[PDB]
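One structure is given here, and the rest of the page talks about it.
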Amino acid sequence: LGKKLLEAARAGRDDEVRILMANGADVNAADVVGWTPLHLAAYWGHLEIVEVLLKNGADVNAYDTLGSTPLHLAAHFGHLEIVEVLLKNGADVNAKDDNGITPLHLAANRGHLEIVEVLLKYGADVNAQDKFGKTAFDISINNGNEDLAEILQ
Amino acid sequence: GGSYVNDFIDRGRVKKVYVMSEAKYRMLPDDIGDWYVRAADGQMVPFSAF
């Protein structure tokens with residue numbers, strides 16, 4: 001029944017999560033890659049479910065087999081609201097995956113300016129270096145995004 | 001993924017020759033870092049470095 005929550009969380013079926021939830025389903029269940037229902041909903045921008053999962057004690061910092069957290073996914077695909085909801089619920093803003101990439105790193109490269117603003121607000125080692133010594137800034141200059149480079153100053 | 005190098009003859013008939021990792025080494029995410037490429041200076045660099 002933990003798989004169902006995984007499938008129901010991705011399928012974005014809010015109600016399905018509720019039932020399975022109440023019927024006592026493992027909120028921190030996990031597929032072969034390390035995705036938790038929180039991982040799925042965050043990835044496919046399913047806000048209402050990200051909330052309904054955090055409420056039921058779902059781990060806000062559960063990571064996958066590569067050190068990636070739900071915050072990494074939400075910040076990466078620009079799901080702003082989730083980025084904050086996760087942050088207000090304890091999401092480690094400076095989580096680093098196996099490659100030493102942080103949520104700011106991702107959102108930066110993908111041009112999610114507001115997500116960057118928020119991530120900085122909740123704190124974020126602007127000088128964090130990935131496995132290549134690249135900081136969210138190096139990215140902005142590389143990508144040629146001036147709006148971002150400025151703000152990341 | 002495997003690579004079709006060239007053909008050979010098996011009991012009088014032309015057939016293919018394939019190169020691919022033995023199953024054991026292309027089964028898990030971390031096995032990626034077990035493969036090494038060679039640099040100009042001759043050093044072996046693991047995939048995980050780049």
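Letters A, B, ... mark the chains of the structure tokens in the order given; residue numbers begin at 1 per chain; ligand numbers begin at 1, in order shown.
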
Next on the checklist: Using only C-alpha atoms and a cut-off of 10 Å, which residues of chain B sit close to chain A? Please list them as a count of residues only.
Outcome noted: 5

Item to check | Who sits within 7 Å of residue A:86, only C-alpha atoms, same chain under 4 positions skipped, as a PyMOL selection string | outcome: chain A and resi 60+71+82+90-91

Could you save the residues just selected, with C-alpha atoms, as an mmCIF file, in the first residue's frame?
data_model
loop_
_atom_site.group_PDB
_atom_site.id
_atom_site.type_symbol
_atom_site.label_atom_id
_atom_site.label_comp_id
_atom_site.auth_asym_id
_atom_site.auth_seq_id
_atom_site.Cartn_x
_atom_site.Cartn_y
_atom_site.Cartn_z
ATOM 1 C CA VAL A 60 10.822 16.944 4.288
ATOM 2 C CA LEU A 71 13.590 20.793 -2.547
ATOM 3 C CA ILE A 82 6.262 24.174 -3.129
ATOM 4 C CA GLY A 90 11.989 22.470 7.526
ATOM 5 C CA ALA A 91 13.400 21.710 4.081
#

Neighbour list for residue A:48 as a PDB file with N, CA, C and O atoms, in the first residue's frame, cut-off 12 Å, only C-alpha atoms, skip fewer than 4 positions in-chain:
ATOM      1  N   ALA A   9       0.445   9.815  -5.354  1.00  0.00           N
ATOM      2  CA  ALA A   9       1.068  11.116  -5.119  1.00  0.00           C
ATOM      3  C   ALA A   9       1.552  11.716  -6.432  1.00  0.00           C
ATOM      4  O   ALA A   9       1.499  12.933  -6.637  1.00  0.00           O
ATOM      5  N   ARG A  10       2.035  10.852  -7.316  1.00  0.00           N
ATOM      6  CA  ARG A  10       2.509  11.302  -8.610  1.00  0.00           C
ATOM      7  C   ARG A  10       1.296  11.611  -9.472  1.00  0.00           C
ATOM      8  O   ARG A  10       1.233  12.656 -10.116  1.00  0.00           O
ATOM      9  N   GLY A  12      -1.119  12.825  -8.816  1.00  0.00           N
ATOM     10  CA  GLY A  12      -1.715  14.065  -8.353  1.00  0.00           C
ATOM     11  C   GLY A  12      -3.120  13.952  -7.792  1.00  0.00           C
ATOM     12  O   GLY A  12      -3.765  14.969  -7.532  1.00  0.00           O
ATOM     13  N   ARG A  13      -3.597  12.724  -7.607  1.00  0.00           N
ATOM     14  CA  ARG A  13      -4.935  12.502  -7.070  1.00  0.00           C
ATOM     15  C   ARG A  13      -4.988  12.772  -5.567  1.00  0.00           C
ATOM     16  O   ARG A  13      -4.772  11.880  -4.745  1.00  0.00           O
ATOM     17  N   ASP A  14      -5.281  14.025  -5.230  1.00  0.00           N
ATOM     18  CA  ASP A  14      -5.367  14.493  -3.849  1.00  0.00           C
ATOM     19  C   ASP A  14      -6.207  13.598  -2.940  1.00  0.00           C
ATOM     20  O   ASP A  14      -5.787  13.254  -1.835  1.00  0.00           O
ATOM     21  N   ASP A  15      -7.396  13.231  -3.406  1.00  0.00           N
ATOM     22  CA  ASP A  15      -8.291  12.380  -2.631  1.00  0.00           C
ATOM     23  C   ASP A  15      -7.653  11.031  -2.331  1.00  0.00           C
ATOM     24  O   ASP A  15      -7.665  10.567  -1.192  1.00  0.00           O
ATOM     25  N   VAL A  17      -4.657  10.193  -2.007  1.00  0.00           N
ATOM     26  CA  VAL A  17      -3.644  10.303  -0.967  1.00  0.00           C
ATOM     27  C   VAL A  17      -4.316  10.302   0.401  1.00  0.00           C
ATOM     28  O   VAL A  17      -3.862   9.624   1.322  1.00  0.00           O
ATOM     29  N   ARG A  18      -5.402  11.062   0.518  1.00  0.00           N
ATOM     30  CA  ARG A  18      -6.162  11.171   1.763  1.00  0.00           C
ATOM     31  C   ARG A  18      -6.552   9.786   2.287  1.00  0.00           C
ATOM     32  O   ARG A  18      -6.154   9.388   3.381  1.00  0.00           O
ATOM     33  N   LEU A  38       6.788  12.463  -1.469  1.00  0.00           N
ATOM     34  CA  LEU A  38       7.085  13.887  -1.395  1.00  0.00           C
ATOM     35  C   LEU A  38       7.925  14.260  -2.609  1.00  0.00           C
ATOM     36  O   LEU A  38       7.792  15.356  -3.155  1.00  0.00           O
ATOM     37  N   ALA A  41       5.303  14.303  -5.961  1.00  0.00           N
ATOM     38  CA  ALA A  41       4.447  15.484  -5.982  1.00  0.00           C
ATOM     39  C   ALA A  41       5.237  16.778  -6.202  1.00  0.00           C
ATOM     40  O   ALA A  41       4.790  17.667  -6.935  1.00  0.00           O
ATOM     41  N   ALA A  42       6.404  16.888  -5.575  1.00  0.00           N
ATOM     42  CA  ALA A  42       7.221  18.085  -5.733  1.00  0.00           C
ATOM     43  C   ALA A  42       7.658  18.201  -7.193  1.00  0.00           C
ATOM     44  O   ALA A  42       7.559  19.266  -7.807  1.00  0.00           O
ATOM     45  N   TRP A  44       6.339  16.802  -9.994  1.00  0.00           N
ATOM     46  CA  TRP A  44       5.240  17.101 -10.903  1.00  0.00           C
ATOM     47  C   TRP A  44       4.376  18.254 -10.396  1.00  0.00           C
ATOM     48  O   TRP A  44       3.167  18.289 -10.636  1.00  0.00           O
ATOM     49  N   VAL A  52      -0.512  17.995   2.094  1.00  0.00           N
ATOM     50  CA  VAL A  52      -1.190  16.845   2.703  1.00  0.00           C
ATOM     51  C   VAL A  52      -0.228  15.738   3.130  1.00  0.00           C
ATOM     52  O   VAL A  52      -0.610  14.835   3.870  1.00  0.00           O
ATOM     53  N   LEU A  53       1.013  15.807   2.651  1.00  0.00           N
ATOM     54  CA  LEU A  53       2.027  14.811   2.996  1.00  0.00           C
ATOM     55  C   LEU A  53       2.897  15.321   4.143  1.00  0.00           C
ATOM     56  O   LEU A  53       3.248  14.569   5.054  1.00  0.00           O
ATOM     57  N   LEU A  54       3.252  16.600   4.090  1.00  0.00           N
ATOM     58  CA  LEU A  54       4.069  17.203   5.137  1.00  0.00           C
ATOM     59  C   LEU A  54       3.291  17.170   6.445  1.00  0.00           C
ATOM     60  O   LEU A  54       3.845  16.897   7.510  1.00  0.00           O
ATOM     61  N   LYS A  55       1.994  17.443   6.344  1.00  0.00           N
ATOM     62  CA  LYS A  55       1.114  17.459   7.502  1.00  0.00           C
ATOM     63  C   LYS A  55       1.159  16.127   8.230  1.00  0.00           C
ATOM     64  O   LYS A  55       1.175  16.086   9.460  1.00  0.00           O
ATOM     65  N   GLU A  81       5.664  27.859  -5.151  1.00  0.00           N
ATOM     66  CA  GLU A  81       4.883  27.617  -3.953  1.00  0.00           C
ATOM     67  C   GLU A  81       5.440  26.460  -3.131  1.00  0.00           C
ATOM     68  O   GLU A  81       5.628  26.582  -1.917  1.00  0.00           O
ATOM     69  N   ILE A  82       5.713  25.343  -3.796  1.00  0.00           N
ATOM     70  CA  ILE A  82       6.262  24.174  -3.129  1.00  0.00           C
ATOM     71  C   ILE A  82       7.608  24.504  -2.477  1.00  0.00           C
ATOM     72  O   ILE A  82       7.880  24.078  -1.357  1.00  0.00           O
ATOM     73  N   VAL A  85       6.603  26.242   0.709  1.00  0.00           N
ATOM     74  CA  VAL A  85       5.913  25.319   1.599  1.00  0.00           C
ATOM     75  C   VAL A  85       6.907  24.339   2.224  1.00  0.00           C
ATOM     76  O   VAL A  85       6.841  24.059   3.423  1.00  0.00           O
ATOM     77  N   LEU A  86       7.832  23.825   1.413  1.00  0.00           N
ATOM     78  CA  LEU A  86       8.842  22.887   1.908  1.00  0.00           C
ATOM     79  C   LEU A  86       9.795  23.602   2.859  1.00  0.00           C
ATOM     80  O   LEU A  86      10.231  23.036   3.865  1.00  0.00           O
TER      81      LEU A  86
END

Next on the checklist: Could you list, as a list in words, every residue within 9 Å of residue A:148, counting only C-alpha atoms and ignoring same-chain residues fewer than 6 positions away?
Outcome noted: residues 108, 111, 112, 113, 116, 137, 140 and 141 of chain A

Any chance you could export the current selection's N, CA and C atoms as a tab-separated table (two decimals), in the first residue's frame?
chain	number	residue	atom	x	y	z
A	108	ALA	N	19.10	28.33	-10.11
A	108	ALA	CA	19.93	29.35	-10.74
A	108	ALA	C	20.06	29.05	-12.23
A	111	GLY	N	17.12	29.43	-14.41
A	111	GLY	CA	16.55	30.77	-14.45
A	111	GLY	C	15.32	31.12	-13.62
A	112	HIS	N	15.09	30.40	-12.52
A	112	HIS	CA	13.92	30.67	-11.68
A	112	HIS	C	14.21	31.76	-10.65
A	113	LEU	N	14.28	33.00	-11.13
A	113	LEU	CA	14.58	34.18	-10.32
A	113	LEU	C	13.87	34.35	-8.98
A	116	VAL	N	15.05	31.74	-6.60
A	116	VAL	CA	16.37	32.09	-6.07
A	116	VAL	C	16.17	33.05	-4.91
A	137	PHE	N	26.50	31.75	-8.96
A	137	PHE	CA	26.94	32.92	-9.70
A	137	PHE	C	27.64	32.49	-10.99
A	140	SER	N	25.23	31.94	-13.55
A	140	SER	CA	24.62	33.12	-14.14
A	140	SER	C	25.52	33.76	-15.20
A	141	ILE	N	26.79	33.96	-14.87
A	141	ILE	CA	27.71	34.55	-15.85
A	141	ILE	C	27.85	33.63	-17.07

Checklist entry - So how far away is atom CA of residue A:74 from atom CA of residue A:45, in Å? => result 7.0 Å

Next on the checklist: Just want the 9 Å neighbourhood of stretch 43-47 of chain B, counted on only C-alpha atoms, with same-chain residues fewer than 4 positions away dropped. Output as a ChimeraX atom specification.
Outcome noted: /B:32-39

Let me see the file: selected residues, N, CA, C and O atoms, as a short mmCIF file (atom, residue, chain, number, x, y, z; two decimals), in the first residue's frame.
data_model
loop_
_atom_site.label_atom_id
_atom_site.label_comp_id
_atom_site.auth_asym_id
_atom_site.auth_seq_id
_atom_site.Cartn_x
_atom_site.Cartn_y
_atom_site.Cartn_z
N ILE B 32 28.69 3.28 -12.67
CA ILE B 32 29.10 4.30 -13.62
C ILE B 32 30.51 4.76 -13.33
O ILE B 32 31.32 4.93 -14.23
N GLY B 33 30.78 4.94 -12.04
CA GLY B 33 32.08 5.41 -11.60
C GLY B 33 33.17 4.36 -11.65
O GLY B 33 34.31 4.62 -11.27
N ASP B 34 32.82 3.18 -12.13
CA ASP B 34 33.82 2.13 -12.23
C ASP B 34 34.46 2.14 -13.60
O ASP B 34 35.47 1.46 -13.83
N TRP B 35 33.91 2.92 -14.53
CA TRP B 35 34.50 2.98 -15.85
C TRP B 35 35.49 4.12 -15.99
O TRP B 35 35.22 5.25 -15.58
N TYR B 36 36.63 3.80 -16.59
CA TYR B 36 37.72 4.75 -16.79
C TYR B 36 38.06 5.04 -18.25
O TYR B 36 38.13 4.13 -19.07
N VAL B 37 38.30 6.30 -18.57
CA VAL B 37 38.69 6.71 -19.92
C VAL B 37 40.14 7.16 -19.80
O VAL B 37 40.58 7.50 -18.72
N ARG B 38 40.90 7.15 -20.89
CA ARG B 38 42.30 7.56 -20.80
C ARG B 38 42.60 8.94 -21.39
O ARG B 38 42.22 9.25 -22.52
N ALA B 39 43.29 9.76 -20.60
CA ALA B 39 43.65 11.11 -21.02
C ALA B 39 44.89 11.12 -21.90
O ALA B 39 45.64 10.14 -21.95
#

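DSSP secondary structure from the backbone places residues 3, 4, 5, 6, 7, 8, 9, 10, 13, 14, 15, 16, 17, 18, 19, 36, 37, 38, 44, 45 and 46 of chain B of chain B in strand (DSSP E).
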
Checklist outcome for this item: What separates atom CA of residue B:6 and atom CA of residue B:20 is a distance of 13.4 Å

Next on the checklist: Using Å and a single decimal, report how far atom CA of residue A:83 sits from atom CA of residue A:151.
Outcome noted: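 If I compute the distance from atom CA of residue A:151 to atom CA of residue A:83, I get 18.4 Å.
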